[PDB]
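Structure data follow from my_file-v5.cif (mmCIF, C-alpha atoms):
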```
data_data
#
loop_
_atom_site.label_atom_id
_atom_site.label_comp_id
_atom_site.auth_asym_id
_atom_site.auth_seq_id
_atom_site.Cartn_x
_atom_site.Cartn_y
_atom_site.Cartn_z
CA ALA A 9 0.00 0.00 0.00
CA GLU A 10 1.22 3.49 -0.85
CA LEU A 11 1.01 4.86 2.73
CA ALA A 12 2.79 1.76 4.04
CA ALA A 13 5.54 2.14 1.41
CA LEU A 14 5.97 5.82 2.31
CA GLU A 15 6.30 4.89 5.97
CA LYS A 16 8.93 2.24 5.22
CA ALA A 17 10.94 4.54 2.93
CA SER A 18 10.93 7.29 5.55
CA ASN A 19 12.43 5.26 8.43
CA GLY A 20 9.70 5.94 10.99
CA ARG A 21 6.17 5.29 12.17
CA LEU A 22 3.31 6.95 10.27
CA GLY A 23 -0.28 7.32 11.46
CA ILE A 24 -3.09 8.81 9.42
CA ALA A 25 -6.85 8.99 9.66
CA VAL A 26 -9.12 10.72 7.14
CA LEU A 27 -12.88 11.27 7.04
CA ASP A 28 -14.74 12.43 3.91
CA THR A 29 -17.79 14.17 5.35
CA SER A 30 -19.58 14.05 1.99
CA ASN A 31 -20.12 10.28 2.20
CA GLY A 32 -18.60 8.94 5.45
CA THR A 33 -15.58 7.34 3.78
CA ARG A 34 -12.64 6.75 6.12
CA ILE A 35 -8.99 6.05 5.35
CA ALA A 36 -6.83 4.58 8.11
CA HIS A 37 -3.17 3.62 8.52
CA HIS A 38 -2.11 2.97 12.12
CA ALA A 39 -5.16 5.09 12.93
CA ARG A 40 -5.79 3.38 16.30
CA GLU A 41 -2.19 3.63 17.55
CA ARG A 42 -1.10 6.45 19.84
CA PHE A 43 1.09 9.27 18.54
CA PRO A 44 2.34 12.46 20.22
CA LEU A 45 -0.09 15.39 20.11
CA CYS A 46 2.64 18.02 20.17
CA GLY A 47 1.03 21.44 19.65
CA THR A 48 -2.20 20.03 18.23
CA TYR A 49 -3.58 20.09 21.82
CA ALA A 50 -4.00 23.83 21.18
CA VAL A 51 -7.18 23.14 19.19
CA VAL A 52 -8.77 21.57 22.26
CA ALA A 53 -7.47 24.22 24.66
CA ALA A 54 -8.87 27.01 22.46
CA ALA A 55 -12.17 25.16 22.15
CA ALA A 56 -12.41 24.86 25.93
CA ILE A 57 -11.83 28.62 26.25
CA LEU A 58 -14.51 29.32 23.65
CA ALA A 59 -17.02 27.03 25.37
CA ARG A 60 -16.49 28.87 28.67
CA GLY A 61 -16.63 32.23 26.96
CA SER A 62 -20.04 31.45 25.51
CA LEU A 63 -21.44 31.66 29.06
CA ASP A 64 -18.92 34.10 30.62
CA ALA A 65 -18.77 37.22 28.45
CA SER A 66 -15.84 38.50 30.53
CA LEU A 67 -13.51 35.67 29.51
CA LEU A 68 -12.26 36.37 25.96
CA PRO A 69 -11.60 40.09 26.61
CA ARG A 70 -9.96 39.42 30.02
CA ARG A 71 -6.41 40.79 30.18
CA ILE A 72 -3.78 38.38 31.56
CA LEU A 73 -0.74 39.93 33.15
CA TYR A 74 2.09 37.45 33.32
CA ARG A 75 5.64 37.21 34.65
CA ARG A 76 8.36 37.82 32.09
CA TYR A 77 11.03 35.48 33.41
CA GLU A 78 8.56 32.56 33.35
CA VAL A 79 7.74 32.75 29.61
CA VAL A 80 9.22 29.70 27.99
CA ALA A 81 11.34 29.76 24.82
CA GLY A 82 9.27 29.53 21.65
CA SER A 83 7.00 32.46 22.56
CA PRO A 84 7.45 35.19 19.92
CA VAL A 85 4.13 36.93 20.66
CA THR A 86 3.89 36.67 24.45
CA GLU A 87 7.52 37.75 24.81
CA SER A 88 6.66 40.96 22.94
CA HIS A 89 3.66 41.87 25.14
CA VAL A 90 5.05 41.28 28.65
CA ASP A 91 4.66 44.93 29.63
CA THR A 92 1.01 45.17 28.61
CA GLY A 93 -0.27 41.64 29.09
CA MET A 94 -2.59 40.07 26.54
CA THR A 95 -6.27 39.25 26.44
CA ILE A 96 -7.45 35.65 26.44
CA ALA A 97 -8.61 36.04 22.82
CA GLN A 98 -5.19 37.37 21.82
CA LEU A 99 -3.51 34.45 23.61
CA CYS A 100 -5.72 31.99 21.70
CA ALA A 101 -4.71 33.57 18.42
CA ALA A 102 -1.00 33.51 19.30
CA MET A 103 -1.14 29.89 20.44
CA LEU A 104 -2.94 28.73 17.28
CA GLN A 105 -1.39 30.97 14.63
CA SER A 106 2.17 31.31 15.93
CA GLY A 107 2.58 28.19 18.06
CA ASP A 108 3.37 30.49 20.98
CA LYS A 109 4.33 28.17 23.84
CA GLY A 110 3.95 30.79 26.56
CA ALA A 111 0.42 31.45 25.31
CA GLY A 112 -0.36 27.76 25.53
CA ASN A 113 0.88 27.61 29.12
CA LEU A 114 -1.02 30.78 30.08
CA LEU A 115 -4.27 29.43 28.59
CA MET A 116 -3.74 26.09 30.29
CA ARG A 117 -3.34 27.97 33.54
CA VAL A 118 -6.63 29.82 32.87
CA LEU A 119 -8.31 26.45 32.26
CA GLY A 120 -6.80 24.55 35.23
CA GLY A 121 -3.87 22.80 33.57
CA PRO A 122 -3.29 20.07 31.00
CA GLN A 123 -5.80 17.97 32.90
CA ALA A 124 -8.51 20.55 32.13
CA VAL A 125 -7.76 20.28 28.41
CA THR A 126 -8.09 16.50 28.71
CA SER A 127 -11.35 16.86 30.65
CA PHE A 128 -12.79 19.06 27.93
CA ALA A 129 -11.86 16.50 25.26
CA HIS A 130 -13.52 13.78 27.31
CA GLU A 131 -16.70 15.68 27.99
CA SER A 132 -16.78 16.36 24.33
CA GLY A 133 -16.79 12.59 23.68
CA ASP A 134 -13.06 11.72 23.14
CA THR A 135 -11.98 9.10 25.77
CA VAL A 136 -8.57 8.59 24.03
CA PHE A 137 -6.96 12.06 24.03
CA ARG A 138 -4.66 12.77 26.95
CA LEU A 139 -2.64 15.91 27.64
CA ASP A 140 -0.42 15.46 30.68
CA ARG A 141 2.38 18.04 30.62
CA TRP A 142 3.05 21.73 30.06
CA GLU A 143 5.05 23.42 27.31
CA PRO A 144 7.64 22.45 26.20
CA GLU A 145 7.91 18.99 27.87
CA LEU A 146 4.60 17.84 26.38
CA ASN A 147 6.46 17.64 23.03
CA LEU A 148 9.24 15.29 24.15
CA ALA A 149 7.55 12.50 22.18
CA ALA A 150 9.51 9.62 23.68
CA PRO A 151 8.92 6.19 22.10
CA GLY A 152 6.33 4.17 23.93
CA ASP A 153 5.23 7.08 26.15
CA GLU A 154 1.45 7.42 26.29
CA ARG A 155 1.56 10.86 27.90
CA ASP A 156 0.48 13.73 25.63
CA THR A 157 -0.96 11.41 22.95
CA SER A 158 -4.03 10.56 20.99
CA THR A 159 -4.78 8.29 18.04
CA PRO A 160 -5.26 9.61 14.50
CA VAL A 161 -8.88 8.47 14.35
CA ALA A 162 -9.67 10.04 17.74
CA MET A 163 -8.03 13.25 16.52
CA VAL A 164 -10.23 13.27 13.38
CA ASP A 165 -13.38 12.57 15.32
CA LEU A 166 -12.67 15.23 17.95
CA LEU A 167 -11.60 17.83 15.38
CA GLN A 168 -14.80 17.23 13.42
CA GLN A 169 -16.91 17.59 16.57
CA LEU A 170 -15.17 20.83 17.53
CA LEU A 171 -15.16 22.55 14.15
CA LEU A 172 -18.26 20.97 12.57
CA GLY A 173 -20.37 19.56 15.47
CA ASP A 174 -22.37 20.98 18.38
CA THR A 175 -19.76 21.10 21.18
CA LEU A 176 -19.46 24.83 20.45
CA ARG A 177 -22.12 27.25 19.33
CA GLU A 178 -21.82 28.24 15.67
CA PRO A 179 -20.08 31.65 16.21
CA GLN A 180 -17.50 29.88 18.40
CA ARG A 181 -16.93 27.19 15.77
CA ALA A 182 -16.39 30.00 13.27
CA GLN A 183 -13.90 31.74 15.57
CA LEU A 184 -11.92 28.54 16.17
CA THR A 185 -11.90 27.87 12.44
CA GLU A 186 -10.66 31.41 11.72
CA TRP A 187 -7.82 31.11 14.24
CA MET A 188 -6.80 27.88 12.45
CA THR A 189 -6.95 29.43 8.98
CA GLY A 190 -5.24 32.72 9.41
CA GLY A 191 -1.68 33.58 10.20
CA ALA A 192 1.26 32.82 7.96
CA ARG A 193 3.27 30.90 10.53
CA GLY A 194 0.08 28.84 11.08
CA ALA A 195 0.25 26.22 8.25
CA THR A 196 0.89 22.45 8.53
CA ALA A 197 2.85 20.02 6.40
CA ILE A 198 -0.64 18.75 5.53
CA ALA A 199 -1.27 22.06 3.79
CA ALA A 200 1.73 21.52 1.47
CA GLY A 201 0.25 18.23 0.23
CA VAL A 202 -3.28 19.33 -0.54
CA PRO A 203 -4.41 20.74 -3.84
CA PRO A 204 -3.98 24.49 -4.17
CA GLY A 205 -7.26 26.29 -3.98
CA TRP A 206 -8.59 24.17 -1.12
CA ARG A 207 -9.34 26.06 2.07
CA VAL A 208 -7.42 24.75 5.09
CA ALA A 209 -8.00 25.11 8.81
CA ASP A 210 -5.05 23.43 10.49
CA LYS A 211 -2.76 23.20 13.50
CA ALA A 212 0.82 21.90 13.28
CA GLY A 213 2.79 20.24 15.99
CA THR A 214 6.45 19.24 16.31
CA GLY A 215 8.48 17.50 18.97
CA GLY A 216 11.41 15.29 19.87
CA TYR A 217 12.19 12.10 17.95
CA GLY A 218 11.72 13.95 14.69
CA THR A 219 7.96 14.09 15.33
CA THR A 220 5.44 16.04 13.27
CA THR A 221 1.72 15.85 14.12
CA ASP A 222 -0.77 17.89 12.12
CA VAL A 223 -4.57 18.11 12.15
CA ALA A 224 -6.72 19.82 9.55
CA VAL A 225 -10.13 20.39 8.05
CA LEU A 226 -9.96 20.80 4.27
CA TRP A 227 -12.60 22.29 1.98
CA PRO A 228 -12.25 21.47 -1.70
CA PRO A 229 -14.18 23.92 -3.88
CA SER A 230 -17.93 23.38 -3.73
CA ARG A 231 -17.54 20.20 -1.64
CA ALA A 232 -18.17 19.04 1.95
CA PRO A 233 -14.97 19.02 3.99
CA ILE A 234 -12.39 16.35 4.59
CA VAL A 235 -11.00 15.91 8.11
CA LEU A 236 -7.58 14.45 8.68
CA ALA A 237 -4.91 13.82 11.24
CA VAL A 238 -1.37 12.74 10.42
CA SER A 239 1.62 11.98 12.63
CA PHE A 240 5.12 10.79 11.84
CA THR A 241 7.68 9.91 14.50
CA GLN A 242 11.14 8.38 14.30
CA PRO A 243 13.34 6.02 16.33
CA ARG A 244 16.32 8.38 17.00
CA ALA A 245 15.97 11.13 19.58
CA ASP A 246 18.06 13.24 17.24
CA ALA A 247 16.11 12.50 14.03
CA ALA A 248 15.33 15.42 11.73
CA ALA A 249 11.63 16.08 11.22
CA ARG A 250 10.07 15.04 7.92
CA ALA A 251 7.38 17.58 7.08
CA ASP A 252 7.61 16.30 3.51
CA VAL A 253 6.42 12.85 4.62
CA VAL A 254 3.35 14.33 6.29
CA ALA A 255 2.66 16.35 3.11
CA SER A 256 3.02 13.20 0.99
CA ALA A 257 0.61 11.29 3.23
CA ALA A 258 -1.91 14.13 2.86
CA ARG A 259 -1.47 14.15 -0.92
CA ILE A 260 -2.05 10.40 -1.09
CA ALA A 261 -5.17 10.47 1.06
CA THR A 262 -6.77 13.55 -0.52
CA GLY A 263 -6.09 12.21 -4.00
CA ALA A 264 -7.78 8.95 -3.03
CA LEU A 265 -10.92 10.90 -2.10
CA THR A 266 -10.85 12.88 -5.41
CA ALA A 267 -10.74 9.82 -7.70
CA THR A 268 -13.45 9.21 -10.30
CA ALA A 269 -14.82 5.76 -11.28
#
```
Turn the structure described in the file into structure tokens.
Amino acid sequence: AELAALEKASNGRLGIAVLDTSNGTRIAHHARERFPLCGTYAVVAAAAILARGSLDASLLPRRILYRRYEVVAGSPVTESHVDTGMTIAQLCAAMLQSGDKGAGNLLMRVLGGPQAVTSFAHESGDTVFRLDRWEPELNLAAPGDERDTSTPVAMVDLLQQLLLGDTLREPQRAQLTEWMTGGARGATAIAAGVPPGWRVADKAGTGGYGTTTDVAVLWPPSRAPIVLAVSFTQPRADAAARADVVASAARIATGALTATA
């Protein structure tokens, strides 16, 4: 199989799940095995914020003041706003569009920690997802470690519920979608493998062991969306990431759903 051959040629472990919402078709390769979330947890954390904010109108505009010396590396936006603080909405945008690690930690603190992100996934119907650690340790991606993992199929099903289901009210689904579409530093390897012209709402993740994990909703022109989750992780702690492998997996799967008969 083409996905299996790509995995073998790339010297690592590949997981992919796809759902074609036009007709229910699913594609699966290692879709029920755990892979590191890396920064894809941010989708769930932002969703949890939005759900709360639907009932607490003070939440999204609330200004968070935070300590400078505690902002972790990898925080280009939060580092720049230490003197003024940032609102919760601004933190959500920075986390999703810029992968700002300090923003992720600050929003997790607002929520009650990684365990609160997990709880929101669970109450939203995903009993597989688990976020255990803070930034940046949640991305260590050690082989065999079930912390900070989900499975590709669980990732697809949760992403579809959050962006296309009823967990969030429709304006909140639209806001989450917009945070995942905009930016320029906000694109996945998935996005490089999908046909140009398709609209993409995505969140990228990277970690140790040469890990890339990406989740996306894709809209081909004039067609119901395709939901997919892809992860690739490698045996060496010092392996270089392979964004090109994730892009290739996306190309293969999307092409399979665009075939005629």
Inset, instruction - For the structure shown, which residues end up in the PyMOL selection byres ((chain A and resi 115) around 10)? Put them as a PyMOL selection string, please? - result: chain A and resi 50+53-54+56-57+72+96-97+99-100+103+109-114+116-122+125
Inset, instruction - Identify, on the basis of all atoms listed in the file, every residue whose closest approach to residue 221 in chain A does not exceed 9 Å; exclude the query and any residue fewer than 4 positions from it along the same chain; express the result as a PyMOL selection string. - result: chain A and resi 43-48+196-197+211-215+237-241+254
Okay, now the selection with C-alpha atoms, as an mmCIF file, in the frame of the given file?
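What follows is the written file part_11.cif:
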```
data_model
loop_
_atom_site.group_PDB
_atom_site.id
_atom_site.type_symbol
_atom_site.label_atom_id
_atom_site.label_comp_id
_atom_site.auth_asym_id
_atom_site.auth_seq_id
_atom_site.Cartn_x
_atom_site.Cartn_y
_atom_site.Cartn_z
ATOM 1 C CA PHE A 43 1.090 9.270 18.540
ATOM 2 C CA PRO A 44 2.340 12.460 20.220
ATOM 3 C CA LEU A 45 -0.090 15.390 20.110
ATOM 4 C CA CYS A 46 2.640 18.020 20.170
ATOM 5 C CA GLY A 47 1.030 21.440 19.650
ATOM 6 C CA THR A 48 -2.200 20.030 18.230
ATOM 7 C CA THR A 196 0.890 22.450 8.530
ATOM 8 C CA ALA A 197 2.850 20.020 6.400
ATOM 9 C CA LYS A 211 -2.760 23.200 13.500
ATOM 10 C CA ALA A 212 0.820 21.900 13.280
ATOM 11 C CA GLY A 213 2.790 20.240 15.990
ATOM 12 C CA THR A 214 6.450 19.240 16.310
ATOM 13 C CA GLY A 215 8.480 17.500 18.970
ATOM 14 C CA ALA A 237 -4.910 13.820 11.240
ATOM 15 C CA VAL A 238 -1.370 12.740 10.420
ATOM 16 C CA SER A 239 1.620 11.980 12.630
ATOM 17 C CA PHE A 240 5.120 10.790 11.840
ATOM 18 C CA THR A 241 7.680 9.910 14.500
ATOM 19 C CA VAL A 254 3.350 14.330 6.290
#
```
Inset, instruction - Using all atoms listed in the file, collect all residues at a distance of at most 12 Å from (-3.1, 8.3, 1.5) as written in the file, then present them as an NGL selection string. - result: :A and (9-15 or 22-27 or 34-38 or 198 or 201-202 or 236-238 or 253-266)
Inset, instruction - Find the residues around residue 126 in chain A up to 6 Å (only C-alpha atoms counted), leave out those fewer than 3 positions away in its own chain, and share them as JSON, numbers by chain. - result: {"A": [123, 129, 138, 139]}
Inset, instruction - Step by step, work through what the PyMOL selection byres ((chain A and resi 166) around 9) selects in the shown file, and finish by giving those residues as a VMD selection string. - result: chain A and resid 52 129 132 to 134 137 161 to 165 167 to 171
Inset, instruction - Have a look at A:158, A:102, A:74, A:39 and name the one nearest to residue 90 in chain A; count all atoms listed in the file. - result: A:74
